[PDB]
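Here the structure is laid out as structure tokens; the discussion comes afterwards.
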Amino acid sequence: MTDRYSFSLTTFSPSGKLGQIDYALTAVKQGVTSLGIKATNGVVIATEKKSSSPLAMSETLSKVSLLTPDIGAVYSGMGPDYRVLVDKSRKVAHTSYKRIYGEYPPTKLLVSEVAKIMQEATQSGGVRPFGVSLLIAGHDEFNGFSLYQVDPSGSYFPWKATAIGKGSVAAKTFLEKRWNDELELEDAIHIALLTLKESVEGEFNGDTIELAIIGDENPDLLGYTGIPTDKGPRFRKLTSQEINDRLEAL
Amino acid sequence: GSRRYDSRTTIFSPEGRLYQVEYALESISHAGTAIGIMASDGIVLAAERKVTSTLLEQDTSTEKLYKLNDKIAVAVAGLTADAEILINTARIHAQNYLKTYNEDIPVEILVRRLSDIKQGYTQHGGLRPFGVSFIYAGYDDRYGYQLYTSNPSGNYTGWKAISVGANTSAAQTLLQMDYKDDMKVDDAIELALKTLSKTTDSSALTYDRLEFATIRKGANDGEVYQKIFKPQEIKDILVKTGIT
Amino acid sequence: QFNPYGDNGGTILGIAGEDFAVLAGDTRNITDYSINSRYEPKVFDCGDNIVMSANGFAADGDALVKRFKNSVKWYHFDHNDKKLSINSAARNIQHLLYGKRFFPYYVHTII
Amino acid sequence: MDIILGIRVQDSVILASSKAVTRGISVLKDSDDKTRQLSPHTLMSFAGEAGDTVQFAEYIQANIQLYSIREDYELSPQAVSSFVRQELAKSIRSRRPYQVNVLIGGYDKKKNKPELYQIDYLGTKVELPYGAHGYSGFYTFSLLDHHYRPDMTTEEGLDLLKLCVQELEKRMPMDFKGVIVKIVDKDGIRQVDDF
Amino acid sequence: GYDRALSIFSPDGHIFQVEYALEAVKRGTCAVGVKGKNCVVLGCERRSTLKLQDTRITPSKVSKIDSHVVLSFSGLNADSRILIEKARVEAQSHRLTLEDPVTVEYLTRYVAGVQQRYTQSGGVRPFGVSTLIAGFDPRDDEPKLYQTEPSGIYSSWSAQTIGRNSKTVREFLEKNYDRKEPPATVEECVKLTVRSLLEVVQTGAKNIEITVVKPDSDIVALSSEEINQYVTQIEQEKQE
Amino acid sequence: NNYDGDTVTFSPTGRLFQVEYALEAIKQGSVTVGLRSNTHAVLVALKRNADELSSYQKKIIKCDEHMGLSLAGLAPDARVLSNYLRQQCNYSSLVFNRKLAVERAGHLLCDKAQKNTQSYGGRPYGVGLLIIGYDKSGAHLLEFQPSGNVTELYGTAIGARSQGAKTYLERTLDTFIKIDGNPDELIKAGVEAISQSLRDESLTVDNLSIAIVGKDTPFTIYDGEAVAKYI
Amino acid sequence: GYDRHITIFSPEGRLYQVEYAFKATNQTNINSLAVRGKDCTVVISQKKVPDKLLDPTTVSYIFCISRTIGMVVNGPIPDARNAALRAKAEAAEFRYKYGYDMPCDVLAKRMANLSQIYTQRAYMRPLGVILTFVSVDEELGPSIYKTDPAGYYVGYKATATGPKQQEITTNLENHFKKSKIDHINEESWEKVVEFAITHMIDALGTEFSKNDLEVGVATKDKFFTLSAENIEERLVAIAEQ
Amino acid sequence: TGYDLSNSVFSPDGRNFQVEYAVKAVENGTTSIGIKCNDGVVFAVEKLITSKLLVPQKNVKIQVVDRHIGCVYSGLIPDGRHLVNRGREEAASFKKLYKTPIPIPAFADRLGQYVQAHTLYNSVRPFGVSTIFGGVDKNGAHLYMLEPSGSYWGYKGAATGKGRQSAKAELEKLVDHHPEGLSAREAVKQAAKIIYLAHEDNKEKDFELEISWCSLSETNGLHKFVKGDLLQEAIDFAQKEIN
Amino acid sequence: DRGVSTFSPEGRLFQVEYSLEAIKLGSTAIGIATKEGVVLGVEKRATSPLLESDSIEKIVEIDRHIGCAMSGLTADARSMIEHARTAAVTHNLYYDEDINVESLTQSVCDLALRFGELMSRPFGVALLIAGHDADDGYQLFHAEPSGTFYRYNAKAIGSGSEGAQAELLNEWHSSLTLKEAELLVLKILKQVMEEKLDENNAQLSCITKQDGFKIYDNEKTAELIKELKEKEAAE
């Protein structure tokens, strides 16, 4: 009994590659396309809710997740791996930050913590790397809006806009043409919806697309009043109805 | 049992080298070149980013150059995430020393402990080594300005000028050719940028593919200042030496 | 509060001659002002021609004697049935007693 | 233990420490040296609980000597005193704290200044022109408040000390059997033999 | 904990991990120790495909373990630091409990024991290091030189060398060192030591280090010229 | 073949080869014999020497006043197992004031050996044991094998060429089983049984080892001049 | 390829051990199906007792996890019981720690997480089972949530599992295309059971006696299984139609 | 391949070959059975007489757990003992916390979960026994059989080892011919017969028969060994039937 | 590869058997028991003439009444000696007496199979343990990395052992004097040694009840070598 796997399962080959990390990235390649775009007054992250059977209720499977009231995540690769990373990311925001400083962490620092967790699955004994890439969008008081990509190695990079998974080469090209430093949030939502049509096969409506924003504070989403300095979450998931409203004027 | 799947990361080859250390060095040799040059009045750190996209957020970015404390910085060649693990360790180590002795940590002492951590992964525990080489740039009141490198073997050495990552062979030859002991910081800045300019695998060296830092005696009398260059500052210093 | 010790009374006595030795003890056993038994032996043959008594708190006395008897048995097992000499018994018993230096056996022992 | 004093003058630190070691109604020894050299320009005197004092002193000595060899370099008096403070501040919250008070007198060769640190068993550190632990301080502080000058010579410092030892031999109820005096300056540590 | 028996026996009765550790020693820069009548000298090659080295700050090859004992080595540099630190800690601990600095034999026996332990513990590989340990026992004037190797065996030597091309320089010392008459001075002993290194080294430039250890904790490193004087002078005695 | 790397691996026919190899060290072991009547139980063991200059390795170990054993195979493994028995007999005495039933001794040994056949990293014991004792239900003989199988017998033998003694004892069954009230006659039959397993050689004075336990007889071991009576 | 023996990635980014655990899922050759009523959630699974020596009452792949949650397993019984014991313990602990009954979807997520761990940590094998959890949730209403050896899980309008799962799946999709709603529009659970059995019959093209099926029903505040008798009474009503 | 070299590895069909290899060790063992009866259960087993030298009656193989449960098994005997030791610890801990003796279904899952746990890791080997066990609790009699995979079910009657097929056929006849039930004293006799019938598939060495039972009316719901007159009476009824 | 505690198909432990090969490569050690004492002698075998041979320590004191010589991977022996010394002194502390030679040897041998996956491999050194005690007199034991130990009237271990042992088979009788045994050890050592036996490359020792365990100085052994050649010449 007990874990006798205390040695690394990821190691250097003679050419210098870390095979398991490369292979994890390959699993990310097969994954469904997701992307993020940074506007001047917001960030949008989106992906396709590709359902497994039509008997499945795909509203019960959220690919875009709130981490803090001002930070959201989306991924490409292995869904189950992502789900547990979200669980851990949410928790580490509290244990390693909020319980200490009385406030939620800034985006890059939370990203830093997730990256640490993913790096450890690349070196610790008896585990394989996480088979996902994350896009994390957030806002914080002193850095404003930001967007980060985190890969299976634990490496992360800040982006103006990017995409991952299946059709990411084509989608990165599309975004290069359309991105400028003057995009207003609504423009970035529209560009996100256009880019995502390229990679989607079947139905393309508000029930097959999942899309969230980091934008203005939402006092109506707070749940209480009377603390002037608490103004509400900047993270908002767009509804099925909200997505369709934007698809007609497309 | 599990023995079947153990790669044995900490054994000697029949020649008496450490496979995983050698293979980690092979990995590092494909990373963005980083250069350190030491002058009588300061130190330069210059490093080349890994083949950028136009959409990368260049100004809120950091991949190559990190601050360990106010008197010490490192340039990274290898796996970024591996490097962050070691950097946080090094930052904590520095603060423990300051807490214990009420004095900033001597550069070598910090370098030695990080190198000892790397060494441990090559001798026990059966884990893969960190795929990282560092260039350390720092100042203390015992040796003044100092440059060191460490690599996955946990071996460290001091330098007047050194490169790590891709094309260190070409870079070392060029540095050897033009380096002089009495050199100033501003000459060293130029030497670093020209060396990257000639060894780079890209067509031309632009501001957006670089990180750059100096450690000078460059404020008010006897006290040391670290300058991590903003993108615009790299753009200017690139013109100011006539590479663009 | 619980008191882990009691006092079972009695007294013991040992005298050595030129080619013999005696170890004597009364056979009464008491607590407070009551007699528990008029015949409860507290002097024992431990093997290898050694007799032993550990007089005071009987529960401690019995535990000690048992541990020493067992010590003799393992001495044979471990050292090719060699006879445990009286000097060697005494030194062994010192270590049995001193092992509980901070929670003593409440006995005066004679072999 | 009982009497340890320190005075920092222009160019040196002087430590005076009583020689008596007493248990019950017997003076067991009258030539005890209540001091350890931590490095060639740093000296530590100590008083407090029997056994604890020497064990702590020698433990610090071993650590500083180890540091010296490792770096081929001598820690500054300030650095050593901070190390010592931290050890005592840990100790005070242990299962059994070191009940030891210390004075650290060192010559800092980078600054060319003598330095005197007073640290109690709680890890309470202070840098002072003159210091004392125990009942001694109740006489010597006010005496030194009066007679001490910042610019005194080593020789004026020794006279100032004679004044202290005289008062203590007059008013203290115990016979502390005189003091061993040591000077710490740019040339290291030496002992005055007729005091 | 990671447990693997990495040092184990092969059918011929060899422990390959220990023997491959010796290969790492063979690849290391050369090191020599020669004892005189009244001193010991330690010399070390430093390879010269490294110019732009900063010599003020690069770890030197001879390490003081205590004020009266020194240790040099050939093999993995990172491995050697671990042994030196342990040896340094043990030296202070010995002073603390025995109230006397270590004998050279004692310190050697300790370092050797550490090396041996790493050849029969799970989860660790042997040290890729051999060492020369030299000095003088407290209050003694008889010089001391010992060698240790990855297996943990240690022994005393009149003079000895380790690392690359040590077979060439052991050859030299074997015909040039007279047991009956050891280099009766510092000057003579340093010379013989530099002569043996020149059999293997190149130009005696920034390529030879020398450290001299005399009794009562008298240990001094020579700098370039003082060495260079020996280099020049021997070469002039050579044209014959 | 591919399935004999460790004890934690079944072969495709359901065999455990590392256990089978442990069994093989028993087969290269010097011969020993056990047999009993209704009043006594006896061990006879042929001791092996290294050469003419050496001692003849002990094969008989006392476990308690009423119990002991003989070994064939790896001796250090017998020392480990006998030491465990000594402890178990001893625990029964100190805690329950009760001499350990030979049958429980058997079950305890089976269970101890079994653990080493189901977990990674350990190995099976490489020794077989014959256990005799006299308890509250009379005389007993037990055969222990490192597979964990323990078996109660009237008589048996283990080691090289133990097949001869075992056939002899199989024929002699009705004779020895009723050598009650007679120590020296149970022994002689045991010494006879062991003789059916000798080759190139016969029983000498520093070569033969006998033990007996029974109704009014502590487990005692005879070697040297005290076995001359029997050759 | 040792990347085929433990849960590390293959060069094409795949986990073979997880894929082979999916193949063990069908070892029992049983099909199961679950549908939602208005008021209830019904699950049915085939019951096959080959050996005459078996006590048929002890042969089951349906489990009462809590008062409110039922679980049916597709996969070998030892792994199925392992999953059931764990889910029972997890549901009890949740109730104790948080003061309310563990929701079906939350238990599904929790078991899905445990399965995810076996796909990432080498020393644990995946369980060769698929787990269908059912309840009438106090917030969400009739609920079906299903777990697999990859650690994937999702809610369903209805679902099916086993070797002939595709047949049953398309059968059910075709009904929901026609009906245009999310569930069986029926008041009584008896009729939702009748629907389930009826659509299993069309899709598999076989008839069932009372001992060929096994049925579990979830309502507000209880999950229960049916006896051979309650099933016969249900078979009888389908026949008279 | 090499999928079969390490316990807990799925082969590409979805099998754990090490467990299937453990089953081979079980099939190689002696025959053992259990018959569920009116108000109880009966267990019997074939003990090969290796030699004259085995002491008759004194190498017992059926094992009691708590006071109301019998266990018999075929395969590697030590593995069976290890499993019963665990069963005993599980029964003690149930009784300690809950006071009532452990119900048979409850007991069956404790063994099941433990056996199943030995198919989860490559650092242990699966159990090389199939185990037949059961007894009487507050809900009546129960009989169970448990495989190396950890698979178990409730049985009307059960058999394993070399003669499992012959015994299975024999058991099937009793289940068809007695749909109202078999009495405990009746079941003891049938058990003897079936062990004798099943000994056909193993007839090199002759054998010693061993029987045990729990019956609410005949043993007061406790496990006892069948010896003496009742044993010989059933040996004779078996002898009669092979002739 | 394969686990460190694996049996071969012949029922032997691979790792133990392999350590026995390493011992065969070791320098020669010989011991002879008499009624007047036990002699222990070894071949120093310096790997190079610059190595100072008196620093070669292959004979070692365990207690006043117990000595030990070694052959094989001799660095492996440090911890066995350390254990031996502690077991001897500890026994004297607990029992106020000398520890039996057999008991000491059994204790050392208890370390031996404490390897696996406790140390990572068996010891690669064999020991000759020699001493006196009041119960069994002068004794010589050969302790192996198998955990087995054997009492011997005389025994050789190391490279020249199969030759030396046959020689000891012929020369040993129950009445040898200590002096006869010293010469015999010297004689058999000169036979199997590569280099020419002298007082610098071989070493003698004995243990007598009266003076305990002593290592002979080089002057004293030189004489016994001189006395040995004169005996051989004179017939």
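Throughout, a chain's letter reflects where its sequence line sits, starting with A, and its residues are numbered from 1.
- Looking at F/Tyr120, only its side chain comes within 4.5 Å of chain I, counting heavy atoms on both sides.
- For chain F, the option among I/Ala33, I/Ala112, I/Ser8, I/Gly147 with the highest count of heavy-atom pairs below 4.5 Å is I/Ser8.
- Contacts of I/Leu168 with chain F are made by both backbone and side-chain atoms, with heavy-atom separations under 4.5 Å.
- Of all the listed residues (F/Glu20, F/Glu24, F/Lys58), the one sharing the greatest number of non-hydrogen pairs under 4.5 Å with chain I is F/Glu24.
- If you check the side chains of F/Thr204 and F/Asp206, you find a donor sitting under 3.5 Å from an acceptor.
- The parts of F/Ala22 that come within reach of chain I are both its backbone and its side chain, each placing non-hydrogen atoms under 4.5 angstrom from that chain.
- Looking at F/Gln57, the atoms closer than 4.5 Å to chain I (heavy atoms on both sides) sit in the backbone and in the side chain alike.
- Contact annotation for I/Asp110: only side-chain heavy atoms (C-beta onward) come within less than 4.5 Å of a heavy atom of chain F.
- F/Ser195 places a side-chain N or O within donor-acceptor distance of the main-chain N or O of F/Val191, the cut-off being under 3.5 Å.
- For I/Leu113, the part lying near chain F is the side chain, with the backbone staying farther off; criterion is any non-hydrogen pair under 4.5 Å.
- No side-chain donor-acceptor contact under 3.5 Å links I/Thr6 to the backbone of I/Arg2.
- Contacts of I/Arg12 with chain F are absent, with no heavy-atom separation under 4.5 Å from either backbone or side chain.
- I/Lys187 pairs in a side chain to side chain donor-acceptor pair (under 3.5 Å) with only one of the listed residues (I/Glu182, I/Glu167, I/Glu232, I/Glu171), which is I/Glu171.
- In terms of non-hydrogen atom pairs under 4.5 Å with chain F, the most contact-rich of I/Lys155, I/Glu117, I/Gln165 is I/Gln165.
- I/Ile30 contributes atom CD1, which lies 10.0 Å from atom CG of I/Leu40 (distance to the nearest 0.5 angstrom).
- Using modelled atom types, no side-chain atom of F/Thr32 and backbone atom of F/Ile158 make a donor-acceptor pair closer than 3.5 Å.
- Chain I forms the most heavy-atom pairs under 4.5 Å with one residue out of F/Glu52, F/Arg79, F/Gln28, and that residue is F/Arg79.
- Residue with the most contacts toward chain I among F/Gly5, F/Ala25, F/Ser54, F/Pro76: F/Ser54 (heavy-atom pairs, distance under 4.5 Å).
- Taking the six-membered ring for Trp, I/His132 and I/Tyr138 have ring centres closer than 6.0 Å.
- With no hydrogens or angles considered, a side-chain donor-acceptor pair links F/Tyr56 and F/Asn49 at under 3.5 Å.
- Side-chain polar atoms of F/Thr156 and F/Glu143 form a donor-acceptor pair below 3.5 angstrom.
- When heavy atoms are compared at a cutoff of 4.5 Å, F/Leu23 does not approach chain I at all.
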